[PDB]
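Okay, here's what each chain looks like letter by letter:
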Amino acid sequence: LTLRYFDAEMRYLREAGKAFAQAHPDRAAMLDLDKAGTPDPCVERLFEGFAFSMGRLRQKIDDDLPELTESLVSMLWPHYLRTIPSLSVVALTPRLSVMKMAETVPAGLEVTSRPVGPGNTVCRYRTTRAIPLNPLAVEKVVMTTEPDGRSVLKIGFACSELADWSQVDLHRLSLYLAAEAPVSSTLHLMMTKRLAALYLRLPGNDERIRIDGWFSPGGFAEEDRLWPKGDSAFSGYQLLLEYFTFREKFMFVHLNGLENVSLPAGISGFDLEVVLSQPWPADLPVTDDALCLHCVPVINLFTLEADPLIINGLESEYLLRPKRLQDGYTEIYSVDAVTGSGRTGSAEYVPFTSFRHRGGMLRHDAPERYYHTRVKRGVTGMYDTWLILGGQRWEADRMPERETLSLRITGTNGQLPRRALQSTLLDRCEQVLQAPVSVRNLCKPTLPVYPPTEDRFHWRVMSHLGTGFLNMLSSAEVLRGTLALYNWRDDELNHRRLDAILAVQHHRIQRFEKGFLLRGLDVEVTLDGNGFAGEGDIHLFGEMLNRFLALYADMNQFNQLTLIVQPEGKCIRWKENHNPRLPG
Amino acid sequence: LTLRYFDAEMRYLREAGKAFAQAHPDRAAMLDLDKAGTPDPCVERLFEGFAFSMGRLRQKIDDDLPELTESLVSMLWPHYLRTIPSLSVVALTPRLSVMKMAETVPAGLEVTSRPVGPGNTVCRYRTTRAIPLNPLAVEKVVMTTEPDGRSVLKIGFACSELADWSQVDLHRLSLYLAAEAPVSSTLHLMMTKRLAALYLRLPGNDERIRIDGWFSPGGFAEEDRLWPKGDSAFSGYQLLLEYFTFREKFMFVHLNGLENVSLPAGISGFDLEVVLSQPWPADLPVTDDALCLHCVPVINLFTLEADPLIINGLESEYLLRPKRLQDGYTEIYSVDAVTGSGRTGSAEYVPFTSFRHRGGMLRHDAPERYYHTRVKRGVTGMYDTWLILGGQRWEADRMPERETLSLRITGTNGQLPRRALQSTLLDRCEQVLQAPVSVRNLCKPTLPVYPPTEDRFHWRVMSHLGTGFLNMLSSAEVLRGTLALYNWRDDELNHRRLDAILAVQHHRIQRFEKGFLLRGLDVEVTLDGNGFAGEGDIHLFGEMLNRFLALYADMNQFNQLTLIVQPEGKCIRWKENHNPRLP
Amino acid sequence: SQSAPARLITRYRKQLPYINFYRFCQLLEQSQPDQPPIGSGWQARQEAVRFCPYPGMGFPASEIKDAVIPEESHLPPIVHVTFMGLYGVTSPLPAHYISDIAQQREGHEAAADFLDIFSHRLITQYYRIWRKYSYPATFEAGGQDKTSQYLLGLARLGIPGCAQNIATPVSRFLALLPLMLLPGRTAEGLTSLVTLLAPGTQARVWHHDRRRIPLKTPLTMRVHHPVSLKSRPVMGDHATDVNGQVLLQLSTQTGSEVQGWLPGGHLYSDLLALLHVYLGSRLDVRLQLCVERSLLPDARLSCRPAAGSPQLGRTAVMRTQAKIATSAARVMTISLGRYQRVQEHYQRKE
């Protein structure tokens, strides 16, 4: 504060007093500052308190804007001055008597919530992630241990018109399950290793559909831990949890079997499904932690409304705290879109980074449109609160308090205690929904991730990667140029997983089906060193499904993943059927 | 400039006063001092002095903006070459009792203890890569032509009959071409003529010398704008830029196995018949002073070790020491680099390496007691600079009780022009120099040189260059950049050199075993600027080491250079640049 | 200028009690932007500027509220508000100066004109940091390829000097700059390049395609007696090279944009956006389109008959409703040659 106020005084008095007097002797032949003596009045003591005092605040402005501008121009290719909300997996189950054409309707839903803290409740964002068909039911699945290491599921229910209903959309029901990672992902290591699966028919209630001509595999992962770095190699127009989350864009092992069931008479399904090549290992507990339906970990998003306020001069800074924010809401989110009714144009609003250039160069039929915000802080007890500013040649000269203005805005919650609860109340989701549903909060609410990077010196690496090269060379690049997006949770497990030994570049030539050469590469990484994680059979399988999908690096490159754990029994290859239409 | 912003406000406030005290209401009270006349040393010296210090500083900062993001090249690190000393030209060495001797000479031979100046002192400075000497020195260089039209020159029969040359490793004894290069068509020719040498024929009548593996001469050190082309071209210099003249690769010259097909007494000839069919110009003089045996380049590099008088506090120290604070050093001497410190407390407290070590996300995965380096500017009026530098984590503990921290400082000095040096040898090697060595100081030294930081173009145009982005180029894209970014000694020759270029265009090569998307670029121009057969070929090697570097990040980029010697000439060089895979 | 108060303070004297100074100086340069009184020209020529009557108030930022502008004295700023605005003022006037103003009295009203010569030339550049010289966020700059925050913030892609041979200057920084920072990438950026330029149009890429000719100049299937080779080169008379000629389709449903993709309209937008910005000499790109039937006439004169290579949209005089068809081709985005010639010299014997 006040000592470095004094520093600029003693700096410049020494600077203008001595380094300006003798260190420029050419025009110190036109000014002799030492020998001439002080003037008679108190005229030197005022102006050193005046001309040096303005030197203070001007430099203190200069030590403010590079703390903002470097934050702003470095938000261009990465998009990580943002924050991440909280999320936890929700399971849903319709009732059984309303199975009569039980088509799932994901048009408009709600969420369930739970009061917490100072009477505060939850507003999670509803789901429009589609379900093709409801399940029949989950029958009491017991992992039936067999001499080949098998462990089977059973499902089935029928009280309805299932012959016509399941005829509609059972064909690509890529429907899944989840459990704890030493047990759930153990099947994922064997979902890629499924054998013939000879007795493949669900029991109990296929007496009424009587056609097994269609098949449906499945696959799932806990989509919060490894997946954000897979959710980071993308463009400049995608939402961090609204683009990826309800989108099935991931690569899941939907290995589908085609061997027909052998079964006695009067049987609607035998109970073997799970023929393996490996014995199901010892000391692994069994449970019925395998849902027939559970939706995503879905996030807090408010749908907030505000009233338009228009001033010629509001375009500079106005910073409104809207009405529902006043009653204990702690946070909002980024502004969505502005419309309304002006004088000439009804609604003329384009965001900042997509301007179709009348103020630029395109210059045709796409007028002056600014719409831009900041996140600037100075809040009495927070890390951010700001509302928009944007201005160009509109008609504020004839309309000082009139403009097309109607905002939309979303929100989250920031100020909270550290608890995790079950979403219980607001069961009014089921009111379109003529078949009633179940409410199951399946897991614990995570924290909202809001420690992004703090100091100014990690961000040099964030500007290094342009003039630097791709993290596919020697693994000092892959060590360093790995994001701290895994370190934003600071998993000590995943930090041990950042122990990779130097990658080797190779390339190769492949013949195609129709007799053509297709260029490729070969990445060869080495673990060398032990204690990656608990089960490397579990983890390094679940690792390479991540690190391969973030390896799309040109247009005519056949893919390349050969994982080499230390010479301790195995080396894992990864390649797919890549074709002249789309990579597999 | 620094006086440029001084003169800005001085013109300003005089026009501000002539507009005010003429008609505006200050001529009710200031006219009584203007009509009588007050250009006072009382008031106008400190009023402008308060104006000029405020008028210069903020305006220099807000216009230039040498922003914090521009220090990201400190983790690239070529740009230690921003402080280049004088062109300390190639030094010499006379004969010293040439009989039964072979010599081995280490570098670090400080020279020129004589040439004191007016407000200038004597400059002690060192050398790089001294020569294992083998004493033989021909004294006269005579050109003889043939009656069949070929011109040859002199032999090696100077110093043979006094020594045991069977005991000597006579291999690759280079010689730098002497001061016949100021005739600026000789070192042109006499380097490019030896693209096509022929076998040698010398009569000596002495069965003492039988060599092979013919030596490659040199002489590049006259020019120094051409060398920073070679500096970026060999990224791999990261530990060898640290002394920076790099004669380890010798500015590539080779001569093959060239056997002396000897002859009896009186019959000779040193042919180069492919090029030698095109002999010398008639207005090309021959000079006996092309004597070349002992040319070694030197650089203006001085050293010291200041006493450990440290530390109490934080990184506010920036090494102002009495080995520079002395008045003989204060006007002139400067500090070049900081290495080799951090030897207090214990044996491993904060070695000065970890300032440059980490360029990545894992900052905390580095052991404690490490280090950081920053820089500033220093004395205004010169090129002076300083170094604020401190610890990383133990500095956060506030333990100022580290005392005996050793230092290593190398530095140089500034001076004034119109100098002409005095040559002598300061230090002689122990038990090697039987008779001493005089110095001739073969050429004129030049001035120190500094990069243009004066334009936000001329800084961030470099941040383009360090990738493989050479999709399409034309002549106005090549002449503007980055060929100007190596011009730091912008001569009136230099402006005539660079503006020779007229046309730059691309086409594609498509021979194939499997695809081979290739290309080939094509530029060469008029016969005046680089029109000699020497500088036309020698400077053409400068570009190829550049063009192979930025070649490809996808395997479908591929350069071959064919080019047009004069508007009536044709040339090609390369062989198809199949580089290892750069992603 | 005389037009600077004649536009602003004579017409807009209705929000001056609560105007920002940050807003006020911006509208001055927006009042006459055509050849404006540039704020950077303060360094020698503040004479004949006629700037706004801010100075002498001693005010901080966003606290200029008073509104009096003269017209007779040929320079509008003559303002000194007494007892308010002592921004950084500590001690009173010196001894000899009071003996010339006589005596900190009514003569001080004609003394702050000279006295505030220093505060006039500083609150120009005091404002200029907050709005133009270190802030602008590439939004308050708002240039047209002049403002330096663009050129500082666009040279990290490597386009200084390379505006040559382009019919437009560099305008598509607003979306392509995150995509144009990853090296050697990608195929999915070509989807963004189309959805930017004309909405309603979608894009699909096929990575390999059956390219044809390049005719090899020796036929090489002479069966040789002295010397021949086998290992790789086995063929007939024309070769096939897949390796680099991707196929791109577009799909529109608004007929105003159908007549934009035929050559003349938006085809000049893609054809320059590819060749020097995003791809260069990496690859060659094939274009294709699928619409409903066409809107295409026939054999009229000099230049606009051809719908690429094909012709249609003229013969169905039979049936009411739709049939889907592929449209046409467009040319490749290629640039190549051989130059002519044979050579005369060589490299170096090392």
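So, here is what we can say about the structure in this document. (Residues numbered from 1 in each chain as written, not as in the entry; some residues may be left out. Chains lettered and ligands numbered in written order. Part of a larger assembly, values for the part shown. Heavy atoms only, no water. Residues with missing side-chain atoms left out of burial classes, pairs and counts.)

**Things to note about the sheet that holds strand β13 (residues 408-413) of chain B**
Pairing between the strands of a sheet is mediated by backbone hydrogen bonds and can be parallel or antiparallel. Residue and element names in this part refer to chain B. Worth spelling out the cut-off: Only strands joined by at least two bridges in the DSSP assignment are considered to pair. Numbering of helices and strands runs from the N terminus; a helix is a DSSP stretch of H or I covering at least four residues, while a strand is a stretch of E covering at least two. Angles here are taken between N-to-C directions and fall from 0 to 180 degrees, while the axes themselves are lines fitted to C-alpha atoms, restricted in helices to the stretch in contact.
The three strands lie next to each other as β7-β13-β8, forming an open sheet whose pairing is antiparallel. Two strands bound the open sheet, and with one partner strand each, they are β7 (302-304) and β8 (333-339). Each adjacent strand pair in this sheet contributes to an overall mean axis angle of 35 degrees, direction not counted. When β8 meets β13, the two strands line up antiparallel, connected through six bridges. Of the residues in β13, the one forming a bridge with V338 is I409.

**Quick notes on the interface of chain A and chain C**
For clarity, the threshold we go by: The contact criterion used throughout is that any non-hydrogen atoms of two residues lie within 4.5 Å. A pairing counts as a salt bridge when a side-chain nitrogen of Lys or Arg comes within 4 Å of a carboxyl oxygen of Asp or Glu. Two N or O atoms form a polar contact when they lie within 3.5 Å of each other; inside protein one atom must be a possible hydrogen donor and the other a possible acceptor, and for residues adjacent in sequence the pair counts only when both atoms belong to side chains.
Taken together, the contact pairs 61 residues of chain A with 58 residues of chain C. Linking chain A with chain C are one salt bridge. In this structure, the connection of chain A to chain C is made through 10 residue pairs in polar contact. Elements with a minimum of two residues in the side of chain A that touches chain C: α3 (53-62), α4 (66-73) and β9 (517-519) of chain A.

**Some points on the sheet that holds strand β1 (residues 87-91) of chain A**
Residue and element names in this part refer to chain A. Taken together, three strands build an open sheet; the order of strands is β2-β1-β6 and the sheet is antiparallel. Taken across any chain shown, the strands that pair with only one partner, and hence form the sheet edges, are β2 (297-299) and β6 (440-441). Direction of pairing for β1 relative to β2: antiparallel, over a ladder of three bridges. Note on β2: the bridge partner recorded for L87 is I299.

**What to know about the nonpolar core**
For the record, the criterion: What makes a nonpolar core is a set of buried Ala, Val, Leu, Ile, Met, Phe, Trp, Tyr and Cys residues whose side-chain atoms join them at distances within 4.5 Å. Partly exposed describes any residue whose relative accessible area lies between the buried limit of under 20% and the exposed limit of over 50%, with all areas from a 1.4 Å probe on protein chains only and scaled to the type maximum.
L248(C) and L250(C) are the most contacted members of the largest nonpolar core, which totals 27 residues. The greatest single-element share of this core, amounting to four residues, is contributed by helix α10 (residues 267-278) of chain C. Apart from the residues within four sequence positions on either side, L250(C) is in contact with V194(C), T201(C), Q202(C), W261(C), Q288(C), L289(C) and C290(C). In this structure, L319(B), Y349(B), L389(B) and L405(B) belong to the second largest nonpolar core, which totals 18 residues.

**Section: the side chain of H207(C)**
Within the secondary structure layout, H207(C) lies in the loop between β1 (202-206) and β2 (247-251). By relative accessible area, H207(C) is classed as buried at 14%. From its side chain, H207(C) meets the backbone oxygen of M555(A) in a polar contact 3.1 Å long.

**Quick word on the state of the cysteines**
Here a disulfide denotes one covalent bond, and it connects the sulfur atoms of two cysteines. Heads up, the condition is: In this description, the term disulfide denotes a pair of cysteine sulfurs within 2.5 Å.
Within the structure shown, the criterion is met by zero disulfides over all chains. In this structure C42(A) is not part of a disulfide, and its nearest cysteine sulfur, from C42(B), lies 16 Å away.

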